[PDB]
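Protein chains in written order, with the working numbering: chain A, 2 to 50; chain B, 299 to 348; chain C, 26 to 751; chain D, 767 to 913. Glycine residues also receive a C-beta, built at the ideal position from the N, C-alpha and C atoms. What follows is a single structure, written as structure tokens, with notes after it.
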Amino acid sequence: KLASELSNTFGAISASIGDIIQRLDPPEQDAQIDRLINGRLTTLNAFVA
Amino acid sequence: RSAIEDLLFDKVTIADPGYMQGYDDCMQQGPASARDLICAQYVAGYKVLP
Amino acid sequence: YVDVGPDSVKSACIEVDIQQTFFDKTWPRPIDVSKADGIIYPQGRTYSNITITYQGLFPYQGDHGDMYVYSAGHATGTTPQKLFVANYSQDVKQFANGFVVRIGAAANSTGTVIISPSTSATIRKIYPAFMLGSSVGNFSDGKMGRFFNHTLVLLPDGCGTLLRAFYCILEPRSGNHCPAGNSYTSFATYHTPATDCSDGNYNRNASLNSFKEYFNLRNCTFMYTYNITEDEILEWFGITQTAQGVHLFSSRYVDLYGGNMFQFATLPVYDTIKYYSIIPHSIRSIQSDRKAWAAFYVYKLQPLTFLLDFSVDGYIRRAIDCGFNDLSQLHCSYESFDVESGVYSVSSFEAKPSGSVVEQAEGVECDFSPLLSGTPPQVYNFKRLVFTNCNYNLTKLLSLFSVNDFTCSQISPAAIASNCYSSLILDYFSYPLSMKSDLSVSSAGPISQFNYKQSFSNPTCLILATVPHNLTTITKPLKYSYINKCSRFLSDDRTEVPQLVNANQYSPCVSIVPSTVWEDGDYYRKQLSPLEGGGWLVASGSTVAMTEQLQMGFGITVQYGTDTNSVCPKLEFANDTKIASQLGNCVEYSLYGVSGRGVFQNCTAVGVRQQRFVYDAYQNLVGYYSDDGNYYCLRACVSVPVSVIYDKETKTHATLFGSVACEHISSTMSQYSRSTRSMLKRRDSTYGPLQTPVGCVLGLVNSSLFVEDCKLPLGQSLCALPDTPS
Amino acid sequence: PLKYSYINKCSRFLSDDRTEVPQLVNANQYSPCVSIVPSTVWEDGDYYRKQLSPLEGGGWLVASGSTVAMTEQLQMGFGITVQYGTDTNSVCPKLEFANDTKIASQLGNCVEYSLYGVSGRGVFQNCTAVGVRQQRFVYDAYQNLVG
């Protein structure tokens, strides 16, 4: 389950961080990064529980 | 180990174990047919404790 | 401007000789973060004996700093002579989030004169001088350190009891040995103890005047002075810069003994500092009266996180540099200076990435020639070019027009130019710039309502531009035109059905509308076929006057794919020197514009042949079919897990590398995890790696003892013992 | 001003004279291109260039600007920002304290207060000292004022 979530977009343009960095202007780049970060943290919280 | 314990272990469908060779069973120095979650351990940042 | 006093008495300068080789000493001074060395106290707040974490600009624990030493110049017999200084005038550094310094640490001890070490004189505290600014360059003689416009001049003047700061323009002097003169060597300042710092009259202008002898101050905007007392105790001082000005920090005023630094003062200068240098200085002391000076150090600040140990007395006494070592990581994670003994998980190694390889290509240049002549279409008549299998350089196209509007959605414009794709699509049209207010990909204007829309499934860009007077093969529309309505009447003559344009499609109304709108507000109709249920097609439009230079717009979209990505920027593959099948341990790659990293191997084939990329059930690339006639496969790369054994009863530790085995272990690594591993090396600099049944470890020593409960077990039969009690 | 004016370009040409990279302005800071641009733009579309040294990393600085006609009464703009500090909050509106009562002691209920712009409500006591001086305000690990 944790492995499958690495490919799960969180509404980010792509599941790859390096891909969204390469393709985006930095002011908008980290909006996409934060969508990804929040979802990754959420699955970890469920996992620990 | 008793033969009965081994019968149980043979009928169980569990993926091949980590530890040795561990990291080098993910790596190209092994069969191309491995499909173990143990190699995925070194992608995902997981660690399986002994 | 500031009343800086009189200009120099002379344009001539005392000759400066560079004696740098005398100053080549090695006296490194690492930061005792455990003693709060170099710690700038938090802004405006205080705490009790509680500990907290905190983020701010701080020096690294292992930073030994830069060392500078000021000294007496040349003198012989009973008189001063020429100036003997280090080459510090050439030491220009980029400003980098501020810095702090160590002043007088070696006071109350002895050293050497350095320029004439043959003296072994006792050493004393001496104050540094600095220059900061936004730009540097060479002198007329090609010399380093010339600053432009206004600079921040920081210097003690006469004795350390007076500190001065200036913000002003420096004017080079044409005298002998002077910045603009042709006998110039290197700038330096000096102090003359024989008359300066007199017991009944300290020369408050000594240093300033010797400065003035080499430069003329012009336009002096700022000037500040400070009163300082003499005390050989170690002082800390630092400089940072924010939008609020320059901030000066010192331990002297508040925490002379603990060394915590407090915002001593601020400066009104808002000009961003790009460069930082130290000002050279020499003492004009008599040869027999020479006095050695204590070493001076500089450290750089960075946005780091620390665990802070506040005293009930409000002083920071201890601190933990979280990113220094894996051990420090644990202390920070438990917000404590005493972590319970056990074995803990720590951050893993990045597996050492290497040089890239690619399989991009092949194709021919894109023939953008449809854009080079004729009249561009009305907003409902768009031309489209699909590009596949071809190479491009869009900046060549940019040179052909003046761009008056460039905006890209979901992609940086730089990236869309550099990206490789399964397709590239360009839509192009005439478009008056009077209508540019109504056009964006998200616009509510009639142009997007009825004439054009773009899908948001694909990243997009938009360009508005006009024709140069030498591009006359391209020609103007009689008038610019657009459809400002598109709907169909219901057959019952009471209602009407609107028809907004579909993304990536012509509006249906184009079938009745002429190639141009003959008059503004013209409308047209067609009866709908009986297969459509009857009713009438309706459309209307508007026009814009023709302009001196043709105005046009463009729409750009791109399409993602894998083995279909034959559209690429023009590429050059020289000196890779190799691509697929060459490793490496981890390598960067791109295949037809698909980025990734991994290691490749020449494995066997699986189908379907010629699909190139092969994927997992989790959409992870598995491997790649290639043009060497070889199927290759991809293992990504394998990361190394790490763990740390810790025993607070002995205050010792040891480490575990997981299952990696000692064949990949080396004394240092580029792999990499945290900035140091040296705490392990305190014992393990002298020992080889040890393989174990779980995996390779360091510092565990094979004693082959049998113990029923180590309280530190490593799993399996592995165990470890703390060293014995005090 | 003779005309209102602004910089509409500030980028660096690559040393190979083809590639070019823009230099957007930093918040709250002067753009670097001000080093070559004249105090006003003399004519609309004026531009200038600077060769850059290998110390500067090479290439050419390039900049340009545009103008707007002057008006009978000057037209102006302002930007205003504020900063909240902790023990540095000495900027305030002039006090209205006149014609009121002695402060701050009550001791008393947990009365609303502002000290140097730090709003809150609470009750005070004349306890002893904890360090450290001249930081004024004292805080807890939970970001709550202590004293």
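Closest residue to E786(D) among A835(D), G913(D) and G824(D) (Cα-Cα distance): Position 20 of the fourth sequence, counting from 1, holds the residue named residue 786(D). Looking at the Cα atoms, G824(D) is the closest of the given residues.
Beta-carbon proximity list for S353(C), same chain, < 6 Å, skipping 5 on both sides: As a first step, residue 353(C) is located in the third sequence; it is residue number 328 there, counting from the start. Excluding positions up to five away in sequence, the list reads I345, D346 and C347.
Contacting positions in the stretch 874-901 of chain D - beta carbon closer than 8 Å to chain C: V896, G897, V898, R899, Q900 and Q901
Three or more C-beta pairs below 8 Å linking the stretch 91-98 of chain C and the stretch 361-376 of chain C: no
Proximity of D116(C) and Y324(C) at Cβ, strictly below 8 Å: Position 91 of the third sequence holds residue 116(C). Position 299 of the third sequence holds residue 324(C). Taking 8 Å as the Cβ cut-off, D116(C) and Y324(C) do not qualify as a contacting pair.
contact_flag[the stretch 239-251 of chain C, the stretch 185-195 of chain C] where n(CB pairs < 8 Å) is 3 or more: yes
Listed by chain order, chain B residues near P293(C) by CB distance under 9 Å: Taking the third sequence and counting its residues from 1, the one referred to as residue 293(C) is at position 268. Those do not exist, as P293(C) stays about 49 Å from chain B at its closest Cβ, beyond 9 Å.
Chain-ordered chain C contacts of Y905(D) [CB-CB under 8 Å]: Taking the fourth sequence and counting its residues from 1, the one referred to as residue 905(D) is at position 139. The contacting residues are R70, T71 and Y72.
Given 8 Å, three or more beta-carbon pairs between the stretch 690-705 of chain C and the stretch 736-747 of chain C: no
Rounded C-alpha distance that separates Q795(D) from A268(C): Position 29 of the fourth sequence, counted from the start, is the residue given in the question as residue 795(D). Position 243 of the third sequence, counted from the start, is the residue given in the question as residue 268(C). So the two alpha carbons sit approximately 7 Å from each other.
Candidates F48(A), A50(A) and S15(A), of which the one nearest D35(A) by Cα: In the first sequence, the residue the question calls residue 35(A) occupies position 34. If we check each option's Cα against that of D35(A), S15(A) comes out closest.
Neighbouring residues, chain A, relative to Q435(C) (Cβ below 9 Å): Along the third sequence, one-based indexing puts residue 435(C) at 410. When 9 Å is used as the limit between beta carbons, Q435(C) is near these residues of chain A: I14, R24, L25 and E29, in chain order.
Per DSSP, cross-strand counterpart(s) of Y417(C): One-based indexing of the third sequence puts residue 417(C) at position 392. Note: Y417(C) sits in a beta bridge opposite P594(C).
Chain D residues whose Cβ lies nearer than 8 Å to that of residue 809(C): Outside the displayed span of chain C (26 to 751) sits residue 809(C), for which this structure offers no information.
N234(C) versus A154(C) - alpha carbon distance: Along the third sequence, read from residue 1 onward, the residue named residue 234(C) stands at position 209. Along the third sequence, read from residue 1 onward, the residue named residue 154(C) stands at position 129. Spanning the two alpha carbons is a distance of roughly 14 Å.
Straight-line gap, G206(C) to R198(C) (C-alpha atoms, nearest Å): By one-based count along the third sequence, residue 206(C) stands at place 181. By one-based count along the third sequence, residue 198(C) stands at place 173. Spanning the two alpha carbons is a distance of roughly 6 Å.
Own chain, CB closer than 6 Å to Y251(C), minus 5 neighbours either side, in chain order: For the purposes of this step, residue 251(C) is taken as the residue at position 226 of the third sequence. Cβ within range, chain order: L188.
Reduced DSSP secondary structure (H/G/I, E/B, other) of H689(C): Residue mapping note: residue 689(C) aligns to position 664 of the third sequence, counting from 1. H689(C) falls in the coil class under three-state DSSP.
Between the CA atoms of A320(C) and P53(C) - distance to the nearest angstrom: What you label residue 53(C) is simply residue 28 of the third sequence in a count that begins at 1. What you label residue 320(C) is simply residue 295 of the third sequence in a count that begins at 1. When rounded, the distance between both Cα atoms is 10 Å.
Distance between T680(C) and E303(B) (C-alpha atoms, nearest Å): Numbered from 1 along the second sequence, position 5 holds the residue referred to as residue 303(B). Numbered from 1 along the third sequence, position 655 holds the residue referred to as residue 680(C). If you draw a straight line from the Cα of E303(B) to the Cα of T680(C), it comes to about 35 Å.
Supposed contact pair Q626(C) and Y650(C) - C-beta distance, whole angstroms, cut 8 Å: If you number the third sequence from 1, residue 650(C) lands on position 625. If you number the third sequence from 1, residue 626(C) lands on position 601. Going by Cβ atoms, the distance from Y650(C) to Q626(C) rounds to 14 Å, so no, they are not a contact pair.
Same chain only: Cβ atoms within 7 Å of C799(D), ignoring 5 sequence neighbours per side: Looking up residue 799(D) in the fourth sequence gives position 33. Cβ contact annotation for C799(D) (same chain, cutoff 7 Å, sequence separation greater than five): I773, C776, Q789, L827 and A829, in chain order.
Residue-level contact to chain C via CB, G19(A), 8 Å cutoff: For this step, residue 19(A) is matched to residue 18 along the first sequence. True, the Cβ-Cβ gap to chain C drops below 8 Å.
Near-chain D residues of the stretch 327-344 of chain C (beta-carbon distance less than 9 Å), N- to C-terminal order: Here the close residues are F335, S336, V337, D338, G339 and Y340.
Cα-Cα separation between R24(A) and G343(B), rounded to whole angstroms: On the first sequence, residue 24(A) is found 23 positions in, with the first residue counted as 1. On the second sequence, residue 343(B) is found 45 positions in, with the first residue counted as 1. Whole-angstrom Cα-Cα distance: 26 Å.
Outcome for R513(C) when other beta-carbon atoms lying within 10 angstroms are tallied against a minimum of 16: As a working mapping, residue 513(C) is identified with position 488 in the third sequence. Only buried fits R513(C), as 16 or more other CB atoms lie within 10 angstroms of its CB.
Per-residue contacts from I77(C) into chain D (C-beta, under 8 Å): Here residue 77(C) refers to the residue found at position 52 of the third sequence. Ordered by position in chain D, the residues that pass the 8 Å Cβ test against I77(C) are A907.
Distance CB(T854(D))-CB(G69(C)) smaller than 8 Å: What you label residue 854(D) is simply residue 88 of the fourth sequence in a count that begins at 1. What you label residue 69(C) is simply residue 44 of the third sequence in a count that begins at 1. Result yes, Cβ atoms of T854(D) and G69(C) sit closer than 8 Å.
Per-residue burial, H272(C) [other beta carbons within 10 Å of its own, 16 or more giving buried]: Along the third sequence, one-based indexing puts residue 272(C) at 247. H272(C) should be labelled buried.
Under 8 Å between C-beta atoms of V383(C) and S591(C): To locate residue 383(C), count along the third sequence from 1; it is residue 358. To locate residue 591(C), count along the third sequence from 1; it is residue 566. The answer is no: Cβ separation not under 8 Å.
Coarse secondary structure for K769(D), derived from DSSP in three states: Your numbering for residue 769(D) matches position 3 in the fourth sequence. Residue state, collapsed to three classes: strand.
Residue-chain proximity (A32(A), chain C), Cβ-Cβ < 8 Å: As a first step, residue 32(A) is located in the first sequence; it is residue number 31 there, counting from the start. It does not; no Cβ of chain C falls within 8 Å.
Nearest-angstrom Cα separation, counted from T214(C) out to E40(C): Indexing the third sequence from 1 puts residue 40(C) at position 15. Indexing the third sequence from 1 puts residue 214(C) at position 189. Put simply, the backbone Cα of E40(C) is about 11 Å away from that of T214(C).
Buried or exposed (CB count within 10 angstroms, at least 16 for buried), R127(C): Taking the third sequence and counting its residues from 1, the one referred to as residue 127(C) is at position 102. Buried, since its Cβ has 16 or more Cβ neighbours within 10 Å.
Beta strand (DSSP E) segment containing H678(C), residue limits: In the third sequence, the residue the question calls residue 678(C) occupies position 653. Looking at the DSSP string, the run of the beta strand (DSSP E) that includes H678(C) is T677 to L681.
Near-chain C residues of the stretch 818-836 of chain D (beta-carbon distance less than 9 Å), N- to C-terminal order: Among the residues of the stretch 818-836 of chain D, those with a Cβ less than 9 Å away from any Cβ of chain C are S819, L821 and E822, in the order of the chain.
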